[PDB]
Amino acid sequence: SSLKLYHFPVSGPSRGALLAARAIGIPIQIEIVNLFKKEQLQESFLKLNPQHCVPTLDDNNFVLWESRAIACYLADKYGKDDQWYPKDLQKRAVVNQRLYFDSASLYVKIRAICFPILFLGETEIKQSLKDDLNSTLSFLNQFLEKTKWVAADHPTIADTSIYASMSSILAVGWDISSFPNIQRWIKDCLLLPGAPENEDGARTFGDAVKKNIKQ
């Protein structure tokens, strides 16, 4: 009956789903799933989903994966107001837009850099990949020129997801001096509910990446 999140604190998308739960203020059971140690994986997790997808929400046997789907579902199902995911179709479209930007451009390009370094024997950040990510950062920097937060002048679930992504690469070490609007926004993100909890997982992600980079 209790709402449950299967969560890997190292994962940006997993952290984005939890940040959304913190923001809307829902009590949630958190089952830690260590994806680094698959033979230690628990039966309660392996049972419910096609494959090892994290984050996974179990809301009273409705099983949902995909961090941003979770965020939108939680906001509409348990949100006590509209702020976090506005019901107005045009305001909602802008939040959805930033969410798809997170999923299709931002985290994709962070992952293109970090995944091969963590798992595939890569020891450096490729220049092409760096430029690709920086082009996406530039777009984010522009979003934040217009409004205080990514999708409005108030925080939304688009901020929790994009914060989870940005905190991941920033913990690896990224020079964002070219993007003063991101610099401003990332300090504002520290005020978000569950930000330290996010920062701790991001730091674990960051440390694991750095560890494999030959300086």
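Position 1 is the first residue in the sequence shown; the rest follow in order.
- A summary of the deposited B-factors shows that, of 92-100 and 72-80, the stretch with the larger mean C-alpha value is 72-80.
- When 174-182 is weighed against 47-55, 47-55 comes out higher, by mean CA B-factor as recorded in the entry.
- Considering 67, 167, 156, 60 together, the PDB entry gives 60 the largest C-alpha B factor.
- For residue 107, the recorded CA temperature factor ranks within the lowest third of the chain's modelled residues.
- For residue 24, the recorded CA temperature factor ranks within the highest third of the chain's modelled residues.
- Among the modelled residues of its chain, residue 128 has a C-alpha B-factor that falls in the middle third according to the deposited record.
- Residue 149: CA B factor in the middle third of modelled residues in this chain (values from the PDB entry).
- The PDB entry assigns residue 113 a C-alpha temperature factor belonging to the middle third of its chain's modelled residues.
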